Every structure is written in structure tokens, then in C-alpha cells.
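A short worksheet on the structure shown next.
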Ligand SMILES: *C(=O)CCCCCCC
Ligand SMILES: *C(=O)CCCCCCC
Ligand SMILES: *C(=O)CCCCCCC
């Protein structure tokens, strides 16, 4: 049937939320690098 | 029915109201900057590749697979033997007379088997996905979904996979053949989709019929 | 739903400049192209015909 | 499912510059190309016909 | 039948997870080489 | 299954530069090209016809 | 050169025209000294390897 609930091939949430970057440390620098892996 | 209230695909308010800017501080300056959300360091000459969770990336779906196979076999055999003493001389009548040695036999055999199979699939389109995780070696896990509703039903195109950043082109796009764990899905609903499922009786027969 | 699965062993000096290898250079190649749904069910032989294909005298 | 199996003995000075050897230069060549499934079952002779092919007088 | 469970030709998991590299030793060097076979 | 067997004696000064000899330069050449399976069984004469081919008067 | 550019963050499309004049491909050779310790320095020899005219004022990457 077409009314029986089936799960989709691509499961879970299909979107992501950007996260705010860290607060810049108050040295004399403009270049701020978030923790780099 | 057409009078039963259904919710639209695009829900909520479809408009926004501009907000008045802040009152300018009375320093000696004309340049007034509203509170700017500081984003991190951004390179200048490097291409716009996705780097963090939430960045977007265009996938160019171009799939084309085609496999096939076949085989056969055959065998045959014929045979036909005969012997007939038409006029037997007298001194041989004691051995080949009265057709006591005539003979005639035939035989045949045949066989032919064969078989084959094939499969194919194509896919063409474009879809923008979003990064939802950055792996330990720099690869990006991407997911995406596009929903369309043209006048009667609703179609869903979903995509999921893993991308290597050094494959993204200069225009922030990747062909779908370079994604590792590609999961593509193109489905729909409405009665147009319901008209393409087999009836439960025919589905039962297709599996349990003897032939 | 169609599934294309692949497994094998690759020698690094055969990978091209665009990070690609033709499948004829993989050692223990296992390729699989299968599917499900009623489109796939319409291509299996019926159990009676399958029985006859094996146990029929000719 | 189709299986292609190969076994043999190779002399290193016959391997080309692209790491390839034609199969006519392998000594104890054993090549095999078989399959299974009902497509392969449809190519074996029936047991009765197989019996007749061997024991029929002609 | 088509409902009888059969195992696929390619068995096991068809994906792998990258492992984080080792922590770099604090000599005066930028070049850090993970244990090379 | 098909079998190609070969046996013989070779004189080294006849081997070409590519390590190859034409079979007409081998002394005690024994060549054999046989097979098995029902394809080969379909090419033997029936025992009755084989008997008649030898003992029939004409 | 395309490999290096891609590593740095710039992906040049494939099958495009590219004709340089200020770049040469070279082989670098050196002698690993006895009891060498990490951080020390040695001297290298640089040699052209295809149809280059001169390495007069070049820099080794
Ligand atoms: C969808 O609702 C189809 C379900 C019918 C299956 C049983 C019919 C008697
Ligand atoms: C729209 O109003 C259609 C609803 C009719 C459904 C029931 C008919 C007996
Ligand atoms: C798939 O479910 C087919 C199984 C039927 C085999 C036995 C039929 C009596």
C-alpha cells in the first residue's frame, strides 16, 4: 500500500544549523583563529 | 476533497518587516555601524569551499550505470545405420536369406539452453546540500532535501553523502560521482504516486503464484 | 531501491592524477548490482517453475 | 553471480611496462568462467536426457 | 523467492571512519610525521 | 572443460629473440586437444552404431 | 603546479590552457651526514629536468 508508513532512504534531519564562532581574545590582533583541528 | 483544510508546503508568515536601525551615538563621526556580528577569519584568494557545520554546497547529480550479461549452450547428435541384402546368391542363402540380416536404425538427440540479464539506471539534476559534520580527516558529511509541489502532489529529492574538499570546483560544486556514501532518493506522494503501487492482490500473486 | 556495492584491493601506484582507478586494476574485485521492490520481484522465477527447471527429466 | 578464476605461473621478464602480461605467456594456465542462479540452471541437461545421451544405442 | 533473506555479495560494512591523528610532539618542528610503516 | 597438452624436444638455437618456437621445429611433437562435459559426450558414437560400423558386412 | 595550487586552496578547472614561463621542474639531491640531528642544515644541489633554459635567479619551493 501507499498509506503504510515507511522510512525514507535518507533518514534523520536533512538540515544543519550554523554555530556562532568563539569570542575573540583581546590581544592586539585582528586575526582570530578558531580552534583548528 | 478540495474543501478539506490542508496546510501549505511553505508554512508560517511569508513576509518580514524591516526594523529601525539604532540611534547614532553623538561622537564626531558620520559613519555609524550597527552592532556587527563578527565572523571568523576568511581567506581572500582561496575558493569558497564549505568549512564548518552549516555551510552550503551544490551537488550535480549525474548518475549513469549499465550492466549486462548473457550465456548459452547447446549439443546435438544424429545417427542412422542400414544394411540390406537384396538378392542373395544360393550358396549364401543359409546366412542372409529371408531378410534375416537386414537392418535399419536411427537415432537423434538435441539440447539448447540460454539465458541472460541486465540492469541500468540514470539520474540528472542539481541540488544544494548542507554540511552537518566535519570528519577527523577533513571530509564533510552532507545532507540535503528539496520539496516541490506542482498543483496536485509533492515530490521529495533527498541526498546524503561524504565529500572530500579537494574535489569541490571553483564554483562550489561537486559531481555526484565523487561522493562516497551516496544515498539518493526521488519519491512523491498524492494520488499520482498511489496510481503506481500494485494492488495488494496482484502483489500477493506476483510472489506466491506457482508461475 | 537499487544497490551498487564494490570491494577490492588497490595498488597505490595505479591511481591516476585525478584520484581514479579503472576497475580492471583491482585485485579481489567483488561487484554487485541488485535491487528490491516489486520490479525486482517480477524477475524471480516462480517456485513451481524453479522446481521443474531442476527436477524435470528434460 | 558469475565467477572468473585464473591460476598460473609467470616469468618476470615478460611483464610489460604497465604491469601487464598476455595470458598466452603463462605456463600452467587454468582459466574458469562459470556462473550460478537459474540462468545457469537453464543450461544443464535434464537427468533423463543426460542418461539417454550416454546409454542410447544410437 | 524474493522475500527469503540472502546475503549480499559484498558483505560487512561498506564504509570506514577516519581516525584522528596523533598529538604532535612539542619539539621546535612544524613537520610532524605519524608512525610510518 | 577443454585440455590442450603438448610435449616435445627443442633445440636451443631455434628459439627466437622473444623466447618462442614454432611447433614445426619440435622433434617428438605430441599435441592433444580434448574436452569433457556433455558437449564432448554428444560427439561419441553410440555403442550399437560403433559395433555396427566394425562388424557390419557392408 | 595544479597539485600545489589545489593543496593551497585553489582548484583550477581541468582541460584548460596553461602556459607558464617562470617555473621549472627540478630534481634536488643531498647528502645525509653522519650522526645527523633533527633541526640541522645541509647543502643541496638543484638540477633541471626538462627543456629549461636557465635557473639563474630562481627560488626552490
Ligand atoms: C492501503 O491502505 C492498502 C491497504 C490494503 C491492504 C489490505 C486490503 C484488504
Ligand atoms: C469535499 O467536500 C468532498 C467531501 C466528500 C467526502 C464524503 C462524500 C460522501
Ligand atoms: C516468497 O515468499 C515465495 C515463497 C513461496 C515458496 C513456497 C510456495 C508454496
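Answer yes or no as to whether residue B:149 is surrounded by 14 or more Cβ atoms within 10 Å (Cβ to Cβ) and more than 14 Å from chain C (Cβ to nearest Cβ).
Values: surrounded by 14 or more Cβ atoms within 10 Å (Cβ to Cβ): yes; more than 14 Å from chain C (Cβ to nearest Cβ): yes.
Yes; evaluated as a whole, the condition is true for this residue.
Would you check if residue B:80 is free of Cβ contacts under 8 Å to residues at least 40 places away in the same chain, away from ligand 2 (no atom under 16 Å from the Cβ) and surrounded by 10 or more Cβ atoms within 10 Å (Cβ to Cβ)?
Answer is yes for this residue.
Inside the range B:105-211, counting only strands (runs of 3 or more DSSP E) that do not spill past its ends, which hold 3 or more residues that are within 16 Å of ligand 3 (Cβ to nearest atom) and closer than 30 Å to residue C:44 by Cα?
Output list is empty.
Name the residues in the range C:8-31 that are loosely packed, with under 11 Cβ neighbours inside 10 Å, on the phi < 0 side of the Ramachandran plot and part of a loop (DSSP other than H, G, I, E, B), would you?
Listed by number, the residues that qualify are C:9, C:16, C:17, C:18, C:20, C:22, C:27, C:28.
Tell me which residues, restricted to the range C:6-28, are touching a strand residue (DSSP E or B) at 6+ places or on another chain (Cβ under 9 Å) and more than 9 Å from every other protein chain (Cβ to nearest Cβ).
C:8, C:23, C:26, C:28
Is it true that residue B:78 is part of a loop (DSSP other than H, G, I, E, B) and either within 30 Å of residue F:58 (Cα to Cα) or within 16 Å of ligand 1 (Cβ to nearest atom) (or both)? Please lay out each step first, then the result.
Details: part of a loop (DSSP other than H, G, I, E, B): no; either within 30 Å of residue F:58 (Cα to Cα) or within 16 Å of ligand 1 (Cβ to nearest atom) (or both): yes.
Here the answer is no, as residue B:78 does not meet what is asked.
Is it true that some residue in the range B:6-22 is outside any loop (DSSP other than H, G, I, E, B), at positive phi and either within 16 Å of ligand 2 (Cβ to nearest atom) or free of Cβ contacts under 8 Å to residues at least 12 places away in the same chain (or both)?
So far as the range B:6-22 goes, no, none of its residues is outside any loop (DSSP other than H, G, I, E, B), at positive phi and either within 16 Å of ligand 2 (Cβ to nearest atom) or free of Cβ contacts under 8 Å to residues at least 12 places away in the same chain (or both).
Output the number of the condition that residue B:131 fails; it satisfies all remaining conditions of (1) surrounded by 14 or more Cβ atoms within 10 Å (Cβ to Cβ); (2) more than 30 Å from residue B:55 (Cα to Cα).
In the conditions (1) surrounded by 14 or more Cβ atoms within 10 Å (Cβ to Cβ); (2) more than 30 Å from residue B:55 (Cα to Cα), residue B:131 misses (2) alone.
What residue, among those in the range B:152-173 that are within 30 Å of residue G:2 (Cα to Cα) and touching a helix residue (DSSP H, G or I) at 6+ places or on another chain (Cβ under 6 Å), is nearest to the other protein chains (Cβ to nearest Cβ)?
Once the filter is applied, the top-ranked residue is B:166.
Look at residue F:40 and say whether it is under 30 Å from residue B:101 (Cα atoms) and within 14 Å of chain D (Cβ to nearest Cβ).
no
Here are some residues: B:156, B:111, B:123. Which one is surrounded by 15 or more Cβ atoms within 10 Å (Cβ to Cβ) and within 30 Å of residue A:2 (Cβ to Cβ)?
B:156
Would you be able to say whether some residue in the range B:175-191 is within 16 Å of ligand 1 (Cβ to nearest atom) and either within 15 Å of residue C:41 (Cα to Cα) or surrounded by fewer than 13 Cβ atoms within 10 Å (Cβ to Cβ) (or both)?
Within the range B:175-191 (the criterion being within 16 Å of ligand 1 (Cβ to nearest atom) and either within 15 Å of residue C:41 (Cα to Cα) or surrounded by fewer than 13 Cβ atoms within 10 Å (Cβ to Cβ) (or both)), the answer is yes, since at least one residue qualifies.
Could you give me the residue pairs with C-beta distances under 8 Å whose first residue belongs to the range B:186-211 and is more than 10 Å from chain C (Cβ to nearest Cβ), whose second residue is within 16 Å of ligand 2 (Cβ to nearest atom) wherever it lies, and which are 6+ apart or on separate chains?
If the second residue must be within 16 Å of ligand 2 (Cβ to nearest atom), the pairs left are B:190/B:152; B:191/B:152; B:192/B:152.
Do we have residue B:152 as within 16 Å of ligand 2 (Cβ to nearest atom) and touching a residue at least 40 places away in the same chain (Cβ under 8 Å) here?
yes
All Cβ positions, even for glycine, are placed from backbone atoms using ideal geometry, and neighbour counts span all protein chains on display. Quick note: the coordinates plus some simple rules give every number you see, no bench work behind them.
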